[PDB]
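Only one chain is included here, represented as structure tokens and corresponding to the form deposited in one PDB entry.
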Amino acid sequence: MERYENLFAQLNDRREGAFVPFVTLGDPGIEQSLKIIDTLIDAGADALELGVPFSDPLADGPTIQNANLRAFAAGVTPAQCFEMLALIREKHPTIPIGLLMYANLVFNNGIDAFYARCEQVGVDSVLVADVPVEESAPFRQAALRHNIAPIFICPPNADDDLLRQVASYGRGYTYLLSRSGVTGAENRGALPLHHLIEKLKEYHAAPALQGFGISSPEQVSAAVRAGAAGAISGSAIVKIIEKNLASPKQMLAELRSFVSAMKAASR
């Protein structure tokens, strides 16, 4: 399929950026997570980034560490995640769905089989957080064989060799990291270097989405103004889950209000 290409073309036609929330699949349970995801979409999410719970999420700060722990407390497994993914895609045919994976869950029972299951459930991209471009060959090849975009990370200090690699190897979108460190709303990143954004365009890279530390509407508008195609926000969304565990109704209300504001900032 071509879901990110179709999305970006549509957004460009409306002179609009993408707003892309992250959540952990199955946090705080399968049924509530299905509702959370439907609420994000109804409130204006352009695409989704969806984490499969993993025992050792070494690119994540405490907020998302705790999301993984909640999902494991509910007994969430990768198989149940794939069931969830198939249902989400059946309800929503065009929204791009990206997975945030750690390498062992992809490699576990065969890299090829993993990307084939992604294709079967209608996933559009996979970002394997602990596979740098230098180790990416069997991941990106398997991704492309199965019509899945492999997502690569462009650090804020990326040299020319790395920009050329990310531009050539990635598809779907280029992940533009806002700073070093791990996920978390408590640590704000930089404006996108306009240099990186422009070098990526120069090398015909997939459109850039800025992520890490994006927690406010001003940051979304700033990303888009700097030339990024959009912005991803994870911890800020997951914090609303965490804060409202006792109240599913209020959780969905606050999710809707936050997503609406963030999406409004992309216009």
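Just so we're on the same page, rigid core means the largest C-alpha set that superposes within 1.5 Å between forms. Shifts are known only where both forms have a C-alpha. Start at 1 and count along the sequence shown; that's the residue number.
Figure legend: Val182 is marked as unmodelled in at least a third of the other comparable entries of the protein.
When the other compared entries with both flanking residues are checked, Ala137 is modelled in all of them, not unmodelled in a third. Annotation for 237-245 versus 194-202: the higher mean temperature factor (C-alpha) is found in 194-202. With 148-156 and 183-191 compared on mean CA B-factor from the PDB entry, the stretch scoring higher is 183-191. Of the candidates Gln210, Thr63, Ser55, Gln32, the PDB record gives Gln32 the highest C-alpha temperature factor. In this entry, the residue among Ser125, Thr174, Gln141, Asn109 with the greatest C-alpha B factor is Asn109. Ranked by C-alpha B-factor against the other modelled residues of its chain, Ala18 falls in the middle third. Remark: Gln165 belongs to the highest third of its chain, ranked by C-alpha B-factor as recorded. Split the chain's modelled residues into thirds by C-alpha temperature factor. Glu218 is in the highest one. Per the deposited record, the Cα B-factor of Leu99 falls in the lowest third when ranked against the other modelled residues of its chain. Per the deposited record, the Cα B-factor of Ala137 falls in the lowest third when ranked against the other modelled residues of its chain.
Below, we refer to the form deposited in another entry, which is not included among the displayed structures.
A 2 Å or larger CA shift between this form and the one not shown, after fitting on the rigid core, occurs at just one of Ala226, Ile30, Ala59, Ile41, namely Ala59. A movement of the C-alpha atom of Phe72 falling short of 2 angstroms is seen between this form and the one not shown when the two forms are aligned on their rigid core. Once both forms are overlaid on the rigid core, the distance between the two CA positions of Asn108 between this form and the one not shown is 2 angstroms or more. Shifted segments between this form and the one not shown, defined as at least 3 consecutive common residues whose CA atoms all move 2 Å or more after rigid-core fitting, lie at 55-60, 106-108, 189-192.
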